[PDB]
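Trainee: Here come the first chain(s), positioned as in the complex:
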Amino acid sequence: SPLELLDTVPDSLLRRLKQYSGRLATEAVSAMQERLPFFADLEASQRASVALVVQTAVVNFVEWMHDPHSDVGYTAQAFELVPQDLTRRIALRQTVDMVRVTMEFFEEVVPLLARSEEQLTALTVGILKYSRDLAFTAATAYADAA
């Protein structure tokens, strides 16, 4: 089962992932700069903050992989946009575009840490499940706020 696939992923790899989280987040933001026109227009301060959020997401993913409990995690950090709701009016579409590019980026990269096909498949399934599951929880959070 695809669940049994997840179980096969060493803490080794997960530990490694959290270790490299900040690098990945920087690379993700670079990919955003390339793929999203408006992203290059953002302030360096804002770009940095986004990258922080990406980094936290990476860490949360890693925790989820350990216990997909989705309740043990209990780590829904929210300090994004604390300075300002839609800080500098970041546009709904743009934020979606950013989330997309982020998830696409991780779909491309995270499997590569795997050391074996089994682990590779595990990681591809894990990231895809998380990405979706996360986007769902985000969408519900936006519905709640509406």
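Mentor: Right, received. Where do you want to start? Residues are numbered from 1 along each chain as shown, chains lettered A, B, ... in the order given.
Trainee: List the buried residues in the lengthiest helix in chain A.
Mentor: Counting by DSSP state H, the longest helix found in chain A is helix A:117-145. Residues of helix A:117-145 classed as buried: A:119-124, A:126-131, A:134 (neighbour count, 16 or more other CB atoms under 10 Å). Backbone N, C-alpha and C define where each C-beta goes, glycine included.
Trainee: which residues are contacting stretch A:75-83?
Mentor: Stretch A:75-83 is contacted by residues A:49, A:53, A:56, A:60, A:63, A:87, A:90 when judged by CB atoms under 8 Å, 6 or more residues apart in numbering.
Trainee: Could you count how many residues lie near residue A:72?
Mentor: As a burial measure, residue A:72 scores 11 neighbours (other CB atoms under 10 Å).
Trainee: Would you map the helices across chain A?
Mentor: Under DSSP H, chain A gives helices at A:2-7, A:11-35, A:44-66, A:92-109, A:117-145.
Trainee: Pick the most buried one from these.
Mentor: Sort the helices of chain A by mean neighbour count, taking mean count of other CB atoms under 10 Å, and helix A:44-66 sits at the top with a mean of 18.
Trainee: Could you export it as PDB, CA atoms only?
Mentor: Extracted C-alpha coordinates of helix A:44-66, given in PDB (Å, rounded to 0.1, in the frame of the first residue of the first chain):
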ATOM      1  CA  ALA A  44      13.900  41.900  -0.400                       C
ATOM      2  CA  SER A  45      12.300  41.900   3.100                       C
ATOM      3  CA  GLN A  46       9.100  40.300   1.800                       C
ATOM      4  CA  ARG A  47      11.000  37.700  -0.400                       C
ATOM      5  CA  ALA A  48      13.000  36.700   2.700                       C
ATOM      6  CA  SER A  49       9.800  36.300   4.700                       C
ATOM      7  CA  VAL A  50       8.200  34.100   2.000                       C
ATOM      8  CA  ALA A  51      11.300  32.000   2.100                       C
ATOM      9  CA  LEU A  52      10.900  31.600   5.900                       C
ATOM     10  CA  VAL A  53       7.400  30.400   5.300                       C
ATOM     11  CA  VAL A  54       8.600  27.900   2.700                       C
ATOM     12  CA  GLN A  55      11.200  26.700   5.100                       C
ATOM     13  CA  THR A  56       8.600  26.200   7.900                       C
ATOM     14  CA  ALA A  57       6.500  24.300   5.300                       C
ATOM     15  CA  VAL A  58       9.500  22.000   4.600                       C
ATOM     16  CA  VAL A  59       9.900  21.300   8.300                       C
ATOM     17  CA  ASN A  60       6.200  20.600   8.800                       C
ATOM     18  CA  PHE A  61       6.300  18.200   5.800                       C
ATOM     19  CA  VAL A  62       9.100  16.300   7.500                       C
ATOM     20  CA  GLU A  63       7.200  16.100  10.700                       C
ATOM     21  CA  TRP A  64       4.100  14.900   8.800                       C
ATOM     22  CA  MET A  65       6.100  12.100   7.200                       C
ATOM     23  CA  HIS A  66       7.100  10.800  10.700                       C
END
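Trainee: add one more, call it chain B:
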Amino acid sequence: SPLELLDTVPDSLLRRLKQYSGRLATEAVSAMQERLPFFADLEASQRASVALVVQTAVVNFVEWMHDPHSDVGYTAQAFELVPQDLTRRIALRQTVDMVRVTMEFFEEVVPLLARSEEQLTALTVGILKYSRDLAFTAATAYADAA
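Mentor: To build on what is shown above, here is chain B added in:
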């Protein structure tokens, strides 16, 4: 690569999937009735229309699996809510809840048609990728309308 995994899925299985689409859509709606309290409160007409939409989604998934072109498909049917925008004011949250339950249901079921682990993994990856990719395109469509 997870892409090579998709290539391994016979038209046999995909053809079968589209054939069973309406049954699946009915089963999905049953699962929605069970998991979503407000869904039981919907009119039989509306429930039926939802199931139609689910059915179309199934078919679109199958097409996507053949060519993940995402442009050849060119099949973004929209007659949902033609009678009424948010027909009978269906609530943003509720629609998200429905999409979630639908995708969860398909994540659970669609892999089972596979006849081999390779195909099973392919299907799990395929559905998870599609579900996410679809939810993204939906979210952008909602951002555009805002």
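Trainee: Chain B added, so what about the buried residues of helix A:117-145 now?
Mentor: Using 16 or more other CB atoms under 10 Å in any protein chain shown as the test for burial, helix A:117-145 gives A:119-136, A:138-139, A:142.
Trainee: what's stretch A:88-97 in contact with?
Mentor: In this structure, residues lying in contact with stretch A:88-97 by CB atoms under 8 Å, 6 or more residues apart in numbering or on different chains are A:36, A:38-39, A:43, A:46, A:81, B:136, B:139-140, B:142-144, B:146.
Trainee: Can you convert those into TSV and add a column each for distance to residue B:19?
Mentor: Output for those, formatted as TSV (distance: CB to CB, whole Å):
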residue	distance to residue B:19
A:36	40
A:38	44
A:39	44
A:43	54
A:46	50
A:81	47
B:136	28
B:139	30
B:140	31
B:142	32
B:143	35
B:144	34
B:146	38
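Trainee: Of all pairs in these, which one is the farthest apart?
Mentor: A:43 and B:142 (26.8 Å; CB to CB).
Trainee: right, and residue A:129 touches residue B:128 too?
Mentor: Yes. In this structure residue A:129 lies within contact range of residue B:128 using CB atoms under 8 Å: 5.5 Å.
Trainee: Return the distance of the most centrally placed residue in chain A relative to residue B:103.
Mentor: Centroid-nearest residue in chain A, with CA atoms, centre = their mean: residue A:57, separated by 4.0 Å. Distance of residue A:57 to residue B:103, given as CB to CB, to the nearest Å: 20 Å.
Trainee: quick one, what contacts residue A:85?
Mentor: With contacts defined as CB under 8 Å, 6+ apart, residue A:85 has no neighbours.
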